[PDB]
Amino acid sequence: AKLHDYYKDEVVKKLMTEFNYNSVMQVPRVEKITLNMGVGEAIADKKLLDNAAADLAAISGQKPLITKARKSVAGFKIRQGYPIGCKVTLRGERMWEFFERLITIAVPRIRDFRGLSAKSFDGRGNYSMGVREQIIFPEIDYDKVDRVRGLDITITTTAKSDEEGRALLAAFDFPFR
Amino acid sequence: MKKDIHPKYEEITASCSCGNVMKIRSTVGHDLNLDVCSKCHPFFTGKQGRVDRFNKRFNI
Amino acid sequence: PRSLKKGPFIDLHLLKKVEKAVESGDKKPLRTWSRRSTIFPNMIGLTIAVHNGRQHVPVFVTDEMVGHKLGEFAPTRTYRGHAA
Amino acid sequence: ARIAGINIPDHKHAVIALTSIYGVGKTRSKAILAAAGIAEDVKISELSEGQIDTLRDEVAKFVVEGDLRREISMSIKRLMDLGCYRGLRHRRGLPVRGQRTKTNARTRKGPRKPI
RNA sequence: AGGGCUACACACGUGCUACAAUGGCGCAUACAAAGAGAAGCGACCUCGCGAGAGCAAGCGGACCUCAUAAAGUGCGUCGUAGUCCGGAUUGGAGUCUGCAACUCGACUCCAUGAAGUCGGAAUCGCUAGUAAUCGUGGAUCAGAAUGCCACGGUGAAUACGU
Ligand SMILES: [Mg+2]
Ligand SMILES: [Mg+2]
Ligand SMILES: [Mg+2]
Ligand SMILES: [Mg+2]
Ligand SMILES: [Mg+2]
Ligand SMILES: [Mg+2]
Ligand SMILES: [Mg+2]
Ligand SMILES: [Mg+2]
Ligand SMILES: [Mg+2]
Ligand SMILES: [Mg+2]
Ligand SMILES: [Mg+2]
């Protein structure tokens, strides 16, 4: 990774002396990144999930997992076990490289970009964000886009509180408005 | 990671308009040329009234 | 719009009424029929009751209404929908 | 290929292609191309990246795209909050510039609503 | 004095503009008729992207002004796309008339770019310089035509028959 080097060098020290931490593992870490795609339009055409999954593979660089309806839901014509989404869990080198890609190419490519909310913390130091469109990523080609599919991005951390989560995500200059 | 199931994830090059070059692994195959990066976007660097409107046309 | 070389238009009588109102400190609602007069900066904070055809409607002047005409804030037609 | 946060057609002449930007009509397109030294009948595909950055800087001098949309929304919303006749016409979705409503007015009113 | 005749779930009549390539846009360049003008028509020159502004001739007119006709023709481009079609709607900025353009003017500039891809049942005009299409002028009128009245340009098809 490249941003793990930045974490280990700068972010730990700055957060240590900002939060009066006893031990270096009391400092929040970024432990995993999860990217999913709600592709319930698969109900109509399976080909959809396949194309959404290939988009996700292009974005993330690892093959996604096809996720299934946990139940049968009468409001969307889905049975228990019908595939309606994808997911990739990135940890380590791949998640750090994705963090840099998203921070330094992807988010500048969002229409009308004016910062990401800092109230989007789940309550325990985990941040989630959406991506109306996928072209925001340079890994997806434009003159071939079959459909306009967004995605969700969640950053699970060891930060016990939203404050410690913002603090860590800010050390990387995460664009918070 | 598993074998032969993953997209070809090779280190590419990516050059911005303001002269920013980042050596990035991604699954595109070719190199990258992008208009705006994190270091030349209005929000990242911090670049993102009726009495005046009335008085612009109203030099007394 | 009125030509800029002419300046904004306002009826003289209402201009004097407003000038007195700012001078006395007064906030008694100003009665006027000059729907055609432009709202001026010194009108801000005053309440001008603008005739709409049958009744004077109170218009508490703010900063944003400067440059508009008084009549823009006193609708003359009454409409509540058809088949109502 | 990409200007002002949107993609512009590579196959079109430059004057036509630049009009895809919200806030750039033909007149602004010609002005932008004249100030960037680029001919008008040049296809966007056959332009150097440096020429495209020149076009990006020229477009930057105008308010376009989301900035323009926010400006237009703010103007309408100011009118609507003000409660002036123009703002009330915006509220009801009726013609704002004095047009007849006894007939026509279908662009503001939309498709006919049978009784 | 201010408001209304300008309202707006809706139904009809008469029109205008379109839906494009027999076209749109750009550059160049031909050929009319009729008419109006003194609180009027207003040139040239200067300023403005423009509507216009300033200065200011001439003309009560076969003399001066309104006032370059447009379609057309040549060259280029667009290449069948809701488009370089369409120009509604709306935001901003203006001009002029007029004591005064909020209700409720016309026009300009920048931006916006809706419906519409030729129209169900039904139904209208036209037999020749007609229809169709293209501009031009006048009355009313401070300002305010897609209406009305008038003028030329290009210019068809068809009529066996009752
Ligand atoms: Mg009208
Ligand atoms: Mg009437
Ligand atoms: Mg057009
Ligand atoms: Mg006349
Ligand atoms: Mg005569
Ligand atoms: Mg349509
Ligand atoms: Mg077509
Ligand atoms: Mg006959
Ligand atoms: Mg005609
Ligand atoms: Mg007239
Ligand atoms: Mg004729």
Side-chain angles (χ1 to χ4, degrees), chain B residues 49-50 53-54 56-58, chain C residues 1-14 31-39 49-57 59 65 67-84, chain D residues 9 11-32 34 39-43 61-65 67-80 82-90 92-115:
Chain B
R50 196 250 181 73
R53 148 187 189 153
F54 161 80
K56 192 57 188 296
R57 59 184 169 180
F58 176 47
Chain C
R2 177 152 175 110
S3 264
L4 289 184
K5 71 173 179 199
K6 284 196 167 192
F9 180 84
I10 174 183
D11 276 317
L12 191 52
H13 48 86
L14 177 284
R31 179 181 241 229
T32 200
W33 291 260
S34 206
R35 305 174 47 92
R36 77 204 192 165
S37 291
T38 313
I39 291 176
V50 173
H51 198 242
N52 72 351
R54 49 168 171 193
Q55 65 228 352
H56 295 261
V57 341
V59 174
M65 327 193 327
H68 287 222
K69 301 295 200 92
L70 278 179
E72 301 184 50
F73 307 100
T76 62
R77 280 191 205 81
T78 294
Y79 177 66
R80 273 154 214 139
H82 302 283
Chain D
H11 52 290
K12 287 176 173 179
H13 290 16
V15 253
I16 313 295
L18 279 175
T19 57
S20 300
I21 298 149
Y22 191 76
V24 178
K26 169 134 280 193
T27 293
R28 264 185 184 167
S29 193
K30 310 162 110 302
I32 284 165
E40 301 208 348
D41 40 342
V42 160
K43 267 134 145 163
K61 302 191 217 234
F62 297 112
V63 167
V64 295
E65 277 311 317
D67 282 330
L68 192 64
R69 285 178 182 97
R70 267 183 295 277
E71 223 155 80
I72 294 169
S73 193
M74 195 128 57
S75 61
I76 299 202
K77 162 78 145 13
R78 158 181 180 275
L79 284 186
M80 278 201 279
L82 248 197
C84 52
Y85 169 91
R86 200 141 65 109
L88 301 170
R89 296 265 107 184
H90 271 288
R92 314 225 216 290
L94 282 177
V96 176
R97 311 187 165 185
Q99 295 98 323
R100 82 191 290 115
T101 64
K102 189 176 191 170
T103 57
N104 306 336
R106 316 296 334 172
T107 294
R108 295 289 290 164
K109 285 167 50 144
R112 223 144 284 194
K113 287 162 314 282
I115 306 148

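Throughout, a chain's letter reflects where its sequence line sits, starting with A, and its residues are numbered from 1. Because only heavy atoms are used, hydrogens play no part in the values below, and waters and symmetry mates are left out as well, while side chains stay in.
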Using the [atom1] atom in both, what is the distance from [N] to [M], to the nearest Å?
| N | M | atom1 | result |
| --- | --- | --- | --- |
| E/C149 | E/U112 | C1' | 39 Å |
| E/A70 | E/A81 | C1' | 30 Å |
| E/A121 | E/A157 | P | 30 Å |
| E/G105 | E/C141 | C1' | 14 Å |
| E/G58 | E/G86 | P | 47 Å |
| E/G113 | E/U89 | P | 16 Å |
| E/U136 | E/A34 | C1' | 8 Å |

For [N], is chi within 90° of 0 (syn) or not (anti)?
| N | answer |
| --- | --- |
| E/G147 | anti |
| E/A145 | syn |
| E/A9 | syn |

Residues, nucleotides or ligands: over 12 heavy atoms within 6.0 Å of D/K102 NZ:
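At most 12 heavy atoms, drawn from other residues, nucleotides or ligands, come within 6.0 Å of this atom.
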If only side-chain N and O atoms of B/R53 are considered, is one of them under 4.0 Å from the OP1 or OP2 phosphate oxygen of E/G92?
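Yes.
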When you measure from the side-chain N and O atoms of D/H90 to the phosphate of E/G91, is any distance below 4.0 Å, counting only OP1 and OP2?
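It does, given that an N or O in the side chain of D/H90 lies less than 4.0 Å from OP1 or OP2 of E/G91.
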Partner residues of C/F9 under the ring-ring contact (aromatic ring centres under 6.0 Å, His included) criterion, sequence neighbours left out
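ring-ring contact (aromatic ring centres under 6.0 Å, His included) check on C/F9 returns nothing, list empty.
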Stem list, RNA chain E (Watson-Crick or G-U pairing under 3.5 Å, at least 3 consecutive pairs):
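Ordered by first number, the stems with RNA chain E (at least 3 consecutive pairs each) read E:23-29 with E:72-78, E:35-37 with E:64-66, E:45-47 with E:52-54, E:90-96 with E:105-111, E:132-138 with E:148-154.
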Side-chain donor-acceptor distances from residues 17-26 of chain D under 3.5 Å, at least two apart:
residue : atom : partner : partner atom : Å
D/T19   : OG1  : D/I16   : O            : 2.4
D/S20   : OG   : D/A17   : O            : 3.3

In the structure I gave you, are the side-chain heavy atoms of [X] and [Y] within less than 4.5 Å of one another anywhere?
| X | Y | result |
| --- | --- | --- |
| D/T107 | D/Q99 | no |
| C/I39 | C/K69 | no |
| D/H13 | D/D41 | yes |
| C/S34 | C/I10 | no |

Using a heavy-atom cut-off of 4.0 Å across all strands, would you classify [X] as base, sugar-phosphate, or nothing?
| X | result |
| --- | --- |
| D/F62 | nothing |
| D/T103 | base |
| D/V24 | sugar-phosphate |
| D/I21 | sugar-phosphate |

When D/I72 and D/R92 are each assigned the nearest nucleotide of RNA chain E, the 5'-most assignment goes to D/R92
By nearest-heavy-atom nucleotide on RNA chain E, the more 5' of D/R28 and B/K56 is B/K56
Rounding to a whole Å, what distance do you find between [X]:[atom1] and [N]:[atom2]?
| X | N | atom1 | atom2 | answer |
| --- | --- | --- | --- | --- |
| D/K26 | E/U83 | NZ | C1' | 12 Å |
| D/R100 | E/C5 | CZ | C1' | 13 Å |
| D/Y22 | E/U90 | OH | P | 14 Å |
| D/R106 | E/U90 | CZ | P | 14 Å |
| D/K30 | E/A111 | NZ | P | 11 Å |
| D/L18 | E/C84 | CG | P | 13 Å |

I want to know if E/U6 and E/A7 are stacked - that is, whether their six-membered base rings have centres under 5.5 Å apart and planes under 30 degrees.
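As far as the 5.5 Å and 30° test goes, E/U6 does not stack onto E/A7.
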Listed in order of residue number, which residues of residues 107-115 of chain D have a non-hydrogen atom at under 4.0 Å from RNA chain E?
D/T107, D/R108, D/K109, D/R112, D/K113, D/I115
Walk along nucleotides 77-82 of chain E from 5' to 3' and tag each nucleotide B, S or - by protein heavy-atom contact under 4.0 Å, base first, then sugar-phosphate.
SS----
For each nucleotide in nucleotides 96-108 of chain E, reading 5' to 3', give B when a protein heavy atom comes within less than 4.0 Å of its base, S when such contact involves only the sugar-phosphate, and - otherwise.
B-BBSSBBSB---
Taking atom types as they are modelled, would you say the side chain of C/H82 forms a donor-acceptor pair with the base of E/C8 within the 3.5 Å cutoff?
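Under the 3.5 Å cut-off, the side chain and the base do form a donor-acceptor pair.
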